[PDB]
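As a starting point, one isolated chain is supplied in structure tokens, in the form deposited in one PDB entry.
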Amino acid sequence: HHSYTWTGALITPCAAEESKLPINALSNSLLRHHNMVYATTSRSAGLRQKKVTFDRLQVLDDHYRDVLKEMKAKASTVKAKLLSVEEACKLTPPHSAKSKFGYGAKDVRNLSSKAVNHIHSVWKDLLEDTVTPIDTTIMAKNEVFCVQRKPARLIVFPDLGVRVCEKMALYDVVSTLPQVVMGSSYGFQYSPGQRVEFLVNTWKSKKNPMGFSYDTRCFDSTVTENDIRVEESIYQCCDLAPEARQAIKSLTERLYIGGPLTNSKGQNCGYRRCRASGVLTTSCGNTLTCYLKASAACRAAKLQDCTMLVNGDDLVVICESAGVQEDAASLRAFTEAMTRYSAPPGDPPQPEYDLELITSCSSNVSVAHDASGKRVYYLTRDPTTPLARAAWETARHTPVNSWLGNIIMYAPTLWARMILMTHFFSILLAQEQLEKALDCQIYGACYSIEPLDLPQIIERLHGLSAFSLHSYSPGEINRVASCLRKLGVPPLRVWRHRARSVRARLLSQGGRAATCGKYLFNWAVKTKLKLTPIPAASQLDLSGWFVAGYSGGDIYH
């Protein structure tokens, strides 16, 4: 029951790949230790193939089936609709991978006859054939990190025509089902501020809280044919059109369960019998399966009053403590149960009795103070990867602007405000590009965002306190400072000076630009303004943000 089998053909690049951090005139203003930053390339694909290839064994007990029955009962309340061809086309990112059948993402978005005809033919074929595995392409991802190097992650995805069909059959399902099945445990329904609120309120709801994150080793590879069929059985609990039931059955049999892997040059690389990382159902499937396995494991371990928080393969559990010794024993039992279910750990879990010490989705809860001096909880993370990616983006235009996504998601943090806002608004000003919409990703979905709208977005998501936080925790301050020394980033005095300059120039522009100056950089001046609500904020349609996760699912808004 191997996760993959391989022919020996190589995983190949579809374009020239750079590993070394590109440098321009702006690089040193952000960081000096350039050799610390790198991008992964296909040259390490082989190392990744070795790590992701293993046999899976699965022993399923009564706890597992009990939880599954409960999940199905909730799923049976869901009613889901097919998307029209047009609706599905409009969810396609403008720069999504072109089809091998003579049309591209722009053709799809424009409803061109060629694209629409092909999409219709793929759909008809899904209804007519529920057996033949569907081809997929395997690629090595090019992602940027700071040293201590990782081998490239792999991405596996079907052709554009198939991706459009996935949306038609399953977009409504994967957008609505998880919150119904998992309720408050479904992580993607929360903005960062809402996630912090759920965590804190959950922590406070326990008499003696204990919590832990659980890291499954190579989660996608641990997902078995059983797991993927169980996921389909959950989808089929929904009230669906018969046409939708057939398309979903077909996609499960032909795509989700496994299929051939083809490299960028059309060679057969091998065969997958685990989760594909680049299909619409990757996020929802991982979320449901992680939740199922973990909920059953809690019962096997006899953890008391477990509250889970699940985002794909990312898992946090907060429960009622039974004592330090009992807690540690129960956690080992939990891990043993997860392992029997084919979800063994990478790092062994550790019980935590301080909420701020739990890291999940690479983030943690921390505390600062607003202008009135009151304690405010917010979401932060180690800034190392955000800053390394920011350095790459300083010198190269890339498909996704991580710096923009990070400012949005981590707006209240010491590091995003001091460094990312300052650095990138300086660059935007110099190039007169403040109004140019840029692509970023939020929970895996792609969004086109004008940087001038940032103050409203931030106020809607985080509230006005995001612009006045100060007196950060010693732990957070030290982590940021350590990162700055590691990468060779300039000191606070430098950033404050640059911020005052950026702010001054923004104010002189008037309009939204002045709003950016006033709100984003109020922290940098001696005599601070008392910030009030931004009128146009109400106008933004953020209904669609923070509904569901779409990592790998080729979704655009």
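Numbers for residues come from their place in the sequence shown, where the first is 1.
The next section is about a form of this same protein that is not shown, the form deposited with a small molecule bound.
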query	finding
The single option of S342, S250, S295, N311 touching the small molecule in the bound PDB entry, heavy atom within 4.5 Å	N311
The unique member of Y410, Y256, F334, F157 whose heavy atoms fall within 4.5 Å of the small molecule in the bound PDB entry	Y410
Stretch in contact in the bound PDB entry with the small molecule, which is absent here, among 402-410, 175-183, 99-107, 295-303 (heavy atoms within 4.5 Å)	402-410
Partner contact for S551 in the bound PDB entry: the small molecule, 4.5 angstroms, heavy atom	yes
Contact of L379 with the small molecule in the bound PDB entry (heavy atom, 4.5 Å)	yes
Contact label in the bound PDB entry: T282 to the small molecule, heavy atom within 4.5 Å	yes
4.5 angstroms heavy atom contact with the small molecule in the bound PDB entry for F425	no
